[PDB]
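Data from protein_14.cif: mmCIF, N, CA and C atoms
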data_data
#
loop_
_atom_site.label_atom_id
_atom_site.label_comp_id
_atom_site.auth_asym_id
_atom_site.auth_seq_id
_atom_site.Cartn_x
_atom_site.Cartn_y
_atom_site.Cartn_z
N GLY G 1 35.22 96.04 64.70
CA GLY G 1 34.70 97.34 65.21
C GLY G 1 34.20 98.24 64.10
N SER G 2 33.13 97.83 63.44
CA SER G 2 32.55 98.62 62.35
C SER G 2 31.04 98.73 62.51
N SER G 3 30.39 97.61 62.77
CA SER G 3 28.94 97.58 62.94
C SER G 3 28.54 96.63 64.07
N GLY G 4 28.03 97.20 65.16
CA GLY G 4 27.61 96.39 66.29
C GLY G 4 28.77 95.65 66.93
N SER G 5 28.82 94.34 66.72
CA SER G 5 29.88 93.51 67.28
C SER G 5 31.03 93.36 66.30
N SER G 6 32.05 92.61 66.69
CA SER G 6 33.22 92.39 65.84
C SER G 6 33.25 90.95 65.34
N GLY G 7 33.57 90.78 64.06
CA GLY G 7 33.64 89.45 63.48
C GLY G 7 34.80 89.30 62.51
N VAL G 8 35.34 88.09 62.43
CA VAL G 8 36.46 87.82 61.54
C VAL G 8 35.98 87.40 60.16
N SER G 9 34.81 86.76 60.11
CA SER G 9 34.24 86.31 58.85
C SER G 9 34.01 87.48 57.91
N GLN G 10 33.59 88.61 58.46
CA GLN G 10 33.33 89.81 57.67
C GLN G 10 34.59 90.26 56.94
N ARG G 11 35.75 90.00 57.56
CA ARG G 11 37.03 90.38 56.97
C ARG G 11 37.38 89.46 55.81
N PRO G 12 38.20 89.95 54.86
CA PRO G 12 38.61 89.16 53.69
C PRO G 12 39.36 87.89 54.09
N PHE G 13 39.86 87.17 53.09
CA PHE G 13 40.60 85.93 53.34
C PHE G 13 42.09 86.21 53.50
N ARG G 14 42.61 87.12 52.69
CA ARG G 14 44.03 87.47 52.74
C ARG G 14 44.40 88.01 54.12
N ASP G 15 43.46 88.71 54.75
CA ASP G 15 43.70 89.28 56.07
C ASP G 15 43.60 88.21 57.15
N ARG G 16 42.72 87.24 56.94
CA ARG G 16 42.52 86.16 57.89
C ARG G 16 43.81 85.36 58.08
N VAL G 17 44.57 85.20 57.00
CA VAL G 17 45.82 84.46 57.05
C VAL G 17 47.00 85.39 57.30
N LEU G 18 46.89 86.62 56.82
CA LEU G 18 47.95 87.61 57.00
C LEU G 18 48.17 87.92 58.47
N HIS G 19 47.10 87.82 59.26
CA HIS G 19 47.18 88.10 60.69
C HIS G 19 47.63 86.86 61.46
N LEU G 20 47.19 85.69 61.01
CA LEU G 20 47.56 84.44 61.66
C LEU G 20 49.07 84.24 61.65
N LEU G 21 49.67 84.34 60.47
CA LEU G 21 51.11 84.17 60.33
C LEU G 21 51.86 85.34 60.95
N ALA G 22 51.21 86.50 61.03
CA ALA G 22 51.82 87.69 61.62
C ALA G 22 52.32 87.42 63.03
N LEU G 23 51.54 86.65 63.79
CA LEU G 23 51.91 86.32 65.16
C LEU G 23 53.12 85.39 65.19
N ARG G 24 52.90 84.14 64.80
CA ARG G 24 53.98 83.15 64.78
C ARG G 24 53.85 82.23 63.57
N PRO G 25 54.95 81.55 63.19
CA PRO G 25 54.95 80.64 62.04
C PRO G 25 53.83 79.61 62.12
N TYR G 26 52.98 79.59 61.09
CA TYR G 26 51.86 78.65 61.04
C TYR G 26 52.01 77.69 59.86
N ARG G 27 51.84 76.40 60.13
CA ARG G 27 51.95 75.38 59.09
C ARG G 27 50.68 75.33 58.25
N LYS G 28 50.72 74.55 57.17
CA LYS G 28 49.58 74.41 56.28
C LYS G 28 48.42 73.72 57.00
N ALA G 29 48.72 72.63 57.69
CA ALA G 29 47.71 71.87 58.42
C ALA G 29 47.22 72.65 59.64
N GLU G 30 48.16 73.25 60.37
CA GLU G 30 47.82 74.02 61.56
C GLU G 30 46.97 75.23 61.19
N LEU G 31 47.37 75.94 60.14
CA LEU G 31 46.64 77.12 59.69
C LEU G 31 45.29 76.73 59.10
N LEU G 32 45.24 75.57 58.45
CA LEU G 32 44.01 75.09 57.85
C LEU G 32 42.93 74.87 58.90
N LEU G 33 43.28 74.17 59.97
CA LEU G 33 42.34 73.89 61.05
C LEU G 33 41.90 75.19 61.73
N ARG G 34 42.81 76.15 61.80
CA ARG G 34 42.52 77.44 62.43
C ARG G 34 41.44 78.19 61.65
N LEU G 35 41.62 78.26 60.33
CA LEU G 35 40.66 78.95 59.47
C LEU G 35 39.35 78.17 59.38
N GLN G 36 39.45 76.85 59.38
CA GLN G 36 38.27 75.99 59.30
C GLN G 36 37.33 76.25 60.47
N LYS G 37 37.90 76.65 61.60
CA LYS G 37 37.11 76.93 62.80
C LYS G 37 36.08 78.02 62.53
N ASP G 38 36.48 79.04 61.78
CA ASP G 38 35.60 80.15 61.45
C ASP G 38 34.85 79.88 60.15
N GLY G 39 35.52 79.20 59.22
CA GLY G 39 34.90 78.89 57.95
C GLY G 39 35.91 78.71 56.84
N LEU G 40 36.00 77.50 56.30
CA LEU G 40 36.94 77.20 55.23
C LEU G 40 36.32 76.25 54.21
N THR G 41 36.37 76.63 52.94
CA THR G 41 35.82 75.81 51.87
C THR G 41 36.92 75.28 50.96
N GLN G 42 36.52 74.56 49.91
CA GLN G 42 37.48 74.00 48.97
C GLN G 42 38.23 75.10 48.23
N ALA G 43 37.54 76.20 47.96
CA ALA G 43 38.13 77.33 47.26
C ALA G 43 39.17 78.03 48.13
N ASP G 44 38.95 78.00 49.44
CA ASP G 44 39.87 78.63 50.38
C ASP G 44 41.04 77.71 50.70
N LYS G 45 40.77 76.41 50.72
CA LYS G 45 41.80 75.42 51.02
C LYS G 45 42.92 75.47 49.98
N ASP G 46 42.55 75.25 48.72
CA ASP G 46 43.52 75.26 47.63
C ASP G 46 44.16 76.64 47.49
N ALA G 47 43.33 77.68 47.53
CA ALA G 47 43.80 79.05 47.41
C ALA G 47 44.80 79.39 48.51
N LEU G 48 44.62 78.77 49.67
CA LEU G 48 45.50 79.00 50.81
C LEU G 48 46.92 78.56 50.50
N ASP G 49 47.05 77.41 49.84
CA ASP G 49 48.36 76.88 49.48
C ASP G 49 49.13 77.86 48.60
N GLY G 50 48.41 78.51 47.68
CA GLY G 50 49.04 79.47 46.80
C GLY G 50 49.24 80.82 47.45
N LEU G 51 48.40 81.14 48.42
CA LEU G 51 48.49 82.42 49.13
C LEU G 51 49.64 82.40 50.14
N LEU G 52 49.80 81.27 50.82
CA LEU G 52 50.87 81.13 51.81
C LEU G 52 52.24 81.32 51.17
N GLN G 53 52.45 80.66 50.03
CA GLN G 53 53.71 80.76 49.32
C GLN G 53 53.98 82.19 48.87
N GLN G 54 52.91 82.97 48.72
CA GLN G 54 53.03 84.36 48.29
C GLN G 54 53.21 85.29 49.49
N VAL G 55 52.29 85.20 50.45
CA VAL G 55 52.36 86.04 51.64
C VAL G 55 53.01 85.29 52.80
N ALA G 56 53.90 84.36 52.47
CA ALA G 56 54.60 83.58 53.49
C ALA G 56 55.66 82.69 52.87
N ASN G 57 56.59 82.21 53.69
CA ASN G 57 57.66 81.35 53.22
C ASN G 57 57.59 79.98 53.88
N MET G 58 57.60 78.93 53.07
CA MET G 58 57.54 77.57 53.58
C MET G 58 58.91 76.90 53.53
N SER G 59 59.20 76.08 54.53
CA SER G 59 60.48 75.38 54.60
C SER G 59 60.37 73.99 53.99
N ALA G 60 61.49 73.50 53.45
CA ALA G 60 61.52 72.18 52.83
C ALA G 60 62.09 71.14 53.79
N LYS G 61 61.88 71.36 55.09
CA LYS G 61 62.37 70.44 56.11
C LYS G 61 61.45 70.44 57.33
N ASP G 62 61.08 71.63 57.79
CA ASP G 62 60.20 71.77 58.94
C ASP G 62 58.75 71.57 58.55
N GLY G 63 58.31 72.33 57.54
CA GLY G 63 56.93 72.23 57.08
C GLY G 63 56.04 73.30 57.68
N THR G 64 56.62 74.48 57.91
CA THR G 64 55.87 75.60 58.48
C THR G 64 56.01 76.84 57.62
N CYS G 65 54.97 77.66 57.59
CA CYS G 65 54.98 78.89 56.80
C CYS G 65 55.22 80.11 57.70
N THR G 66 56.11 80.99 57.26
CA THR G 66 56.43 82.19 58.02
C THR G 66 56.13 83.45 57.20
N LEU G 67 55.46 84.41 57.83
CA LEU G 67 55.12 85.66 57.16
C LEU G 67 56.37 86.45 56.79
N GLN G 68 56.31 87.12 55.65
CA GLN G 68 57.45 87.92 55.17
C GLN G 68 57.68 89.11 56.08
N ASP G 69 58.66 89.94 55.73
CA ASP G 69 58.99 91.12 56.51
C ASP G 69 58.20 92.33 56.03
N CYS G 70 58.03 92.44 54.72
CA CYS G 70 57.29 93.55 54.13
C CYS G 70 55.79 93.35 54.30
N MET G 71 55.36 92.09 54.30
CA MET G 71 53.95 91.77 54.45
C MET G 71 53.40 92.29 55.77
N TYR G 72 54.27 92.38 56.78
CA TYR G 72 53.88 92.87 58.09
C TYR G 72 53.30 94.28 58.00
N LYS G 73 53.77 95.04 57.02
CA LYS G 73 53.30 96.40 56.82
C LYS G 73 51.79 96.44 56.60
N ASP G 74 51.23 95.33 56.12
CA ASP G 74 49.80 95.24 55.87
C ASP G 74 49.08 94.57 57.05
N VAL G 75 49.59 94.80 58.25
CA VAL G 75 48.99 94.22 59.45
C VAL G 75 48.46 95.31 60.37
N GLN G 76 47.25 95.10 60.89
CA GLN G 76 46.62 96.07 61.79
C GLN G 76 46.69 95.59 63.23
N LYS G 77 46.36 96.48 64.16
CA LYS G 77 46.38 96.16 65.58
C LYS G 77 44.97 95.96 66.12
N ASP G 78 43.97 96.44 65.38
CA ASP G 78 42.58 96.31 65.79
C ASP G 78 41.93 95.09 65.14
N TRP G 79 42.70 94.02 64.99
CA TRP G 79 42.20 92.79 64.38
C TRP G 79 41.35 92.01 65.38
N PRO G 80 40.07 91.75 65.05
CA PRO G 80 39.16 91.01 65.93
C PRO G 80 39.76 89.69 66.41
N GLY G 81 40.67 89.14 65.62
CA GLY G 81 41.31 87.89 65.98
C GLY G 81 42.05 87.97 67.30
N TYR G 82 42.86 89.02 67.45
CA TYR G 82 43.63 89.22 68.67
C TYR G 82 42.73 89.70 69.81
N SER G 83 43.31 89.80 71.00
CA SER G 83 42.56 90.25 72.17
C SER G 83 43.47 90.99 73.15
N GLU G 84 44.44 90.28 73.71
CA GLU G 84 45.38 90.87 74.66
C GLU G 84 46.75 90.20 74.56
N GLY G 85 46.81 88.93 74.94
CA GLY G 85 48.06 88.20 74.88
C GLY G 85 48.63 88.13 73.47
N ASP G 86 47.74 88.11 72.48
CA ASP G 86 48.16 88.03 71.09
C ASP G 86 48.60 89.40 70.58
N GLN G 87 47.90 90.44 71.02
CA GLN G 87 48.22 91.81 70.61
C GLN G 87 49.63 92.19 71.06
N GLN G 88 49.90 92.02 72.35
CA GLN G 88 51.21 92.35 72.91
C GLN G 88 52.31 91.53 72.23
N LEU G 89 51.98 90.30 71.87
CA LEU G 89 52.95 89.41 71.22
C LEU G 89 53.30 89.93 69.83
N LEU G 90 52.32 90.52 69.15
CA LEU G 90 52.52 91.05 67.81
C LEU G 90 53.37 92.32 67.85
N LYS G 91 53.29 93.04 68.96
CA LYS G 91 54.06 94.28 69.13
C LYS G 91 55.55 94.01 68.98
N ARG G 92 56.08 93.15 69.84
CA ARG G 92 57.50 92.81 69.80
C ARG G 92 57.90 92.26 68.44
N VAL G 93 56.96 91.60 67.77
CA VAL G 93 57.21 91.02 66.46
C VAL G 93 57.32 92.11 65.39
N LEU G 94 56.43 93.09 65.46
CA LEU G 94 56.43 94.19 64.50
C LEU G 94 57.73 94.98 64.57
N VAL G 95 58.29 95.08 65.77
CA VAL G 95 59.54 95.81 65.98
C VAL G 95 60.71 95.09 65.32
N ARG G 96 60.79 93.78 65.53
CA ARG G 96 61.87 92.98 64.96
C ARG G 96 61.79 92.96 63.44
N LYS G 97 60.56 93.01 62.92
CA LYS G 97 60.35 93.00 61.48
C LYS G 97 60.39 94.41 60.91
N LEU G 98 59.40 95.22 61.28
CA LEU G 98 59.32 96.60 60.80
C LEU G 98 60.31 97.49 61.55
N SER G 99 61.02 98.33 60.81
CA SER G 99 62.00 99.23 61.41
C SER G 99 63.09 98.45 62.14
N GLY G 100 64.23 98.30 61.49
CA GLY G 100 65.34 97.57 62.09
C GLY G 100 66.69 98.13 61.69
N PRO G 101 67.73 97.28 61.63
CA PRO G 101 69.08 97.70 61.25
C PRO G 101 69.09 98.48 59.94
N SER G 102 70.29 98.86 59.49
CA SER G 102 70.44 99.61 58.25
C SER G 102 69.96 98.78 57.06
N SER G 103 70.69 97.71 56.76
CA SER G 103 70.34 96.83 55.65
C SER G 103 70.37 95.37 56.07
N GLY G 104 69.18 94.79 56.26
CA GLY G 104 69.10 93.40 56.66
C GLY G 104 67.83 93.10 57.45
#

Mind converting the file's structure to C-alpha coordinates?
Amino acid sequence: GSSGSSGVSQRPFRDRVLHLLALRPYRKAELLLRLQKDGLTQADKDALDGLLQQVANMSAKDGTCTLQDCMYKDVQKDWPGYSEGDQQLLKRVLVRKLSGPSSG
(Lines of atoms letter the chains of each structure in order from A and count residues from 1; the text may use other names and numbers.)
(Lines give C-alpha, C1' and ligand atoms only; values in the text may rest on other atoms or scores of the structure.)
Protein backbone atom coordinates (compact mmCIF):
# COMPACT_ATOMS: atom_id res chain seq x y z
CA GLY A 1 0.00 0.00 0.00
CA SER A 2 2.41 2.67 -1.22
CA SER A 3 2.02 3.09 -4.97
CA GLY A 4 -0.96 1.80 -6.94
CA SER A 5 -1.17 -1.89 -6.10
CA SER A 6 0.57 -3.91 -3.39
CA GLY A 7 3.59 -6.13 -3.98
CA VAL A 8 5.93 -8.28 -1.90
CA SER A 9 8.86 -8.07 -4.32
CA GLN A 10 9.13 -4.34 -3.65
CA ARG A 11 9.74 -5.18 0.01
CA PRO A 12 13.25 -6.15 1.24
CA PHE A 13 14.42 -9.72 1.79
CA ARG A 14 14.69 -9.63 5.59
CA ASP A 15 11.02 -8.66 5.73
CA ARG A 16 9.99 -11.37 3.27
CA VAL A 17 11.30 -14.02 5.66
CA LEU A 18 10.62 -12.09 8.87
CA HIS A 19 6.90 -12.20 8.06
CA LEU A 20 6.87 -15.81 6.86
CA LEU A 21 8.30 -17.19 10.11
CA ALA A 22 6.20 -14.67 12.05
CA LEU A 23 3.10 -16.74 11.29
CA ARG A 24 4.29 -20.30 11.95
CA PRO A 25 7.58 -22.27 12.06
CA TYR A 26 8.97 -22.54 8.53
CA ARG A 27 11.66 -25.00 7.46
CA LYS A 28 14.58 -24.25 5.13
CA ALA A 29 13.10 -26.21 2.23
CA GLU A 30 9.53 -25.10 2.94
CA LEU A 31 10.55 -21.45 3.26
CA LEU A 32 12.79 -21.74 0.19
CA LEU A 33 9.94 -22.85 -2.07
CA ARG A 34 7.73 -20.12 -0.61
CA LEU A 35 10.19 -17.34 -1.45
CA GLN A 36 11.04 -18.93 -4.80
CA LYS A 37 7.39 -18.44 -5.78
CA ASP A 38 7.88 -14.67 -5.75
CA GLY A 39 11.57 -14.68 -6.61
CA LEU A 40 14.66 -16.38 -5.20
CA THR A 41 18.23 -16.37 -6.50
CA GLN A 42 21.52 -17.97 -5.47
CA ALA A 43 22.38 -14.90 -3.40
CA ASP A 44 19.07 -15.18 -1.55
CA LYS A 45 19.28 -18.96 -1.12
CA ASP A 46 22.63 -19.01 0.66
CA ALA A 47 21.93 -15.73 2.45
CA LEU A 48 18.67 -17.26 3.70
CA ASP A 49 20.54 -19.99 5.57
CA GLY A 50 22.52 -17.35 7.45
CA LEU A 51 19.53 -15.07 7.93
CA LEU A 52 17.29 -17.80 9.37
CA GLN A 53 19.86 -18.71 12.02
CA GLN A 54 19.95 -15.01 12.92
CA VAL A 55 16.28 -14.04 12.71
CA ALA A 56 15.13 -17.55 13.61
CA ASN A 57 16.01 -20.71 15.54
CA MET A 58 16.59 -24.08 13.88
CA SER A 59 16.19 -27.45 15.61
CA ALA A 60 18.71 -30.29 15.42
CA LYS A 61 15.98 -32.93 15.23
CA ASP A 62 12.86 -31.53 13.55
CA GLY A 63 14.49 -29.36 10.91
CA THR A 64 12.29 -26.27 11.17
CA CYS A 65 13.08 -22.61 11.81
CA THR A 66 11.13 -20.57 14.36
CA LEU A 67 11.08 -16.78 14.62
CA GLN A 68 12.50 -15.27 17.81
CA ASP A 69 10.45 -13.39 20.40
CA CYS A 70 12.12 -9.99 20.01
CA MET A 71 12.19 -10.28 16.22
CA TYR A 72 8.38 -10.12 16.30
CA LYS A 73 8.74 -6.47 17.29
CA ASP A 74 9.87 -5.85 13.71
CA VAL A 75 6.63 -7.25 12.27
CA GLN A 76 3.87 -5.20 10.65
CA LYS A 77 0.16 -5.90 10.16
CA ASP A 78 -0.15 -4.26 6.73
CA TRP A 79 2.07 -6.88 5.09
CA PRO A 80 0.94 -7.58 1.48
CA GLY A 81 1.71 -11.22 2.18
CA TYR A 82 -1.18 -11.62 4.61
CA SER A 83 -4.85 -11.08 3.76
CA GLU A 84 -7.36 -12.26 6.37
CA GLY A 85 -6.86 -15.76 7.74
CA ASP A 86 -3.14 -15.07 8.08
CA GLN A 87 -3.60 -11.66 9.68
CA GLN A 88 -5.90 -12.93 12.43
CA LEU A 89 -3.51 -15.84 12.98
CA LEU A 90 -0.62 -13.43 13.53
CA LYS A 91 -2.65 -11.51 16.11
CA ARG A 92 -2.88 -14.37 18.62
CA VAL A 93 0.79 -15.05 17.91
CA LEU A 94 1.90 -11.48 18.63
CA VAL A 95 0.13 -11.67 21.99
CA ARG A 96 1.86 -14.88 23.07
CA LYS A 97 5.20 -13.43 21.97
CA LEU A 98 4.95 -9.68 22.54
CA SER A 99 3.77 -8.59 25.98
CA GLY A 100 3.58 -11.58 28.31
CA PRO A 101 4.44 -12.79 31.85
CA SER A 102 6.91 -10.97 34.10
CA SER A 103 10.11 -12.77 33.11
CA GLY A 104 9.95 -15.53 30.52

**Prompt:** Between atom N of residue 56 (chain G) and CA of residue 2 (chain G), what is the distance, to one decimal in Å?
**Reply:** 27.5 Å

**Request:** Have a look at CA of residue 57 (chain G) and atom N of residue 83 (chain G) and let me know their distance in Å, one decimal.
**Result:** 24.4 Å

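The two atoms in question, CA of residue 22 (chain G) and atom C of residue 6 (chain G), are spaced 19.2 Å apart.
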
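Here the question is which of G:15, G:33, G:3, G:27 gets nearest to residue 62 (chain G) using only N, CA and C atoms, and that residue is G:27.
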
**Message:** Evaluated on this file, the PyMOL selection byres ((chain G and resi 65) around 6) picks out some residues - which ones are they, written as number ranges by chain?
**Reply:** G: 25-28, 56-59, 63-64, 66-67

**Request:** Could you state which residues are captured by the PyMOL selection byres (((chain G and resi 1 and name CA) around 12) and name CA) in this file, as JSON, numbers by chain?
**Result:** {"G": [2, 3, 4, 5, 6, 7, 8, 10, 11, 77, 78, 79, 80, 81]}

Could you please write out, as a PDB file with N, CA and C atoms, in the coordinates of the input, every residue of region 56-97 of chain G that DSSP assigns to helix (DSSP H, G or I)?
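Writing done, so here's out14.pdb:
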ATOM      1  N   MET G  71      55.360  92.090  54.300  1.00  0.00           N
ATOM      2  CA  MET G  71      53.950  91.770  54.450  1.00  0.00           C
ATOM      3  C   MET G  71      53.400  92.290  55.770  1.00  0.00           C
ATOM      4  N   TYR G  72      54.270  92.380  56.780  1.00  0.00           N
ATOM      5  CA  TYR G  72      53.880  92.870  58.090  1.00  0.00           C
ATOM      6  C   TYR G  72      53.300  94.280  58.000  1.00  0.00           C
ATOM      7  N   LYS G  73      53.770  95.040  57.020  1.00  0.00           N
ATOM      8  CA  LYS G  73      53.300  96.400  56.820  1.00  0.00           C
ATOM      9  C   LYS G  73      51.790  96.440  56.600  1.00  0.00           C
ATOM     10  N   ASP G  74      51.230  95.330  56.120  1.00  0.00           N
ATOM     11  CA  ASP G  74      49.800  95.240  55.870  1.00  0.00           C
ATOM     12  C   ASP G  74      49.080  94.570  57.050  1.00  0.00           C
ATOM     13  N   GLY G  85      46.810  88.930  74.940  1.00  0.00           N
ATOM     14  CA  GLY G  85      48.060  88.200  74.880  1.00  0.00           C
ATOM     15  C   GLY G  85      48.630  88.130  73.470  1.00  0.00           C
ATOM     16  N   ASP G  86      47.740  88.110  72.480  1.00  0.00           N
ATOM     17  CA  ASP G  86      48.160  88.030  71.090  1.00  0.00           C
ATOM     18  C   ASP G  86      48.600  89.400  70.580  1.00  0.00           C
ATOM     19  N   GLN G  87      47.900  90.440  71.020  1.00  0.00           N
ATOM     20  CA  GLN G  87      48.220  91.810  70.610  1.00  0.00           C
ATOM     21  C   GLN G  87      49.630  92.190  71.060  1.00  0.00           C
ATOM     22  N   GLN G  88      49.900  92.020  72.350  1.00  0.00           N
ATOM     23  CA  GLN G  88      51.210  92.350  72.910  1.00  0.00           C
ATOM     24  C   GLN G  88      52.310  91.530  72.230  1.00  0.00           C
ATOM     25  N   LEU G  89      51.980  90.300  71.870  1.00  0.00           N
ATOM     26  CA  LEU G  89      52.950  89.410  71.220  1.00  0.00           C
ATOM     27  C   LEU G  89      53.300  89.930  69.830  1.00  0.00           C
ATOM     28  N   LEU G  90      52.320  90.520  69.150  1.00  0.00           N
ATOM     29  CA  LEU G  90      52.520  91.050  67.810  1.00  0.00           C
ATOM     30  C   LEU G  90      53.370  92.320  67.850  1.00  0.00           C
ATOM     31  N   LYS G  91      53.290  93.040  68.960  1.00  0.00           N
ATOM     32  CA  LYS G  91      54.060  94.280  69.130  1.00  0.00           C
ATOM     33  C   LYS G  91      55.550  94.010  68.980  1.00  0.00           C
ATOM     34  N   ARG G  92      56.080  93.150  69.840  1.00  0.00           N
ATOM     35  CA  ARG G  92      57.500  92.810  69.800  1.00  0.00           C
ATOM     36  C   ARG G  92      57.900  92.260  68.440  1.00  0.00           C
ATOM     37  N   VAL G  93      56.960  91.600  67.770  1.00  0.00           N
ATOM     38  CA  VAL G  93      57.210  91.020  66.460  1.00  0.00           C
ATOM     39  C   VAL G  93      57.320  92.110  65.390  1.00  0.00           C
ATOM     40  N   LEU G  94      56.430  93.090  65.460  1.00  0.00           N
ATOM     41  CA  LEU G  94      56.430  94.190  64.500  1.00  0.00           C
ATOM     42  C   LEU G  94      57.730  94.980  64.570  1.00  0.00           C
ATOM     43  N   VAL G  95      58.290  95.080  65.770  1.00  0.00           N
ATOM     44  CA  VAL G  95      59.540  95.810  65.980  1.00  0.00           C
ATOM     45  C   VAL G  95      60.710  95.090  65.320  1.00  0.00           C
ATOM     46  N   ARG G  96      60.790  93.780  65.530  1.00  0.00           N
ATOM     47  CA  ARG G  96      61.870  92.980  64.960  1.00  0.00           C
ATOM     48  C   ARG G  96      61.790  92.960  63.440  1.00  0.00           C
ATOM     49  N   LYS G  97      60.560  93.010  62.920  1.00  0.00           N
ATOM     50  CA  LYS G  97      60.350  93.000  61.480  1.00  0.00           C
ATOM     51  C   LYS G  97      60.390  94.410  60.910  1.00  0.00           C
TER      52      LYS G  97
END

**Item:** Expected answer as a PyMOL selection string: strand (DSSP E or B) residues in region 3-102 of chain G
**Value:** chain G and resi 3+5+26-27+57-58+64-66

**Asked** Skipping near chain neighbours, those fewer than 3 positions away, what residues fall within 8 Å of region 96-103 of chain G using only C-alpha atoms, listed as a PyMOL selection string?
**Response** chain G and resi 69-70+72-73+92-93

**Complete:** If you count only C-alpha atoms, the residue of G:55, G:94, G:40, G:32 closest to residue 18 (chain G) turns out to be G:55

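When only C-alpha atoms are used to measure the gap to residue 51 (chain G), the shortest distance among G:90, G:75, G:31, G:95 belongs to G:31.
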
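Using only C-alpha atoms, the smallest distance between any of G:60, G:89, G:71, G:48 and residue 35 (chain G) comes from G:48.
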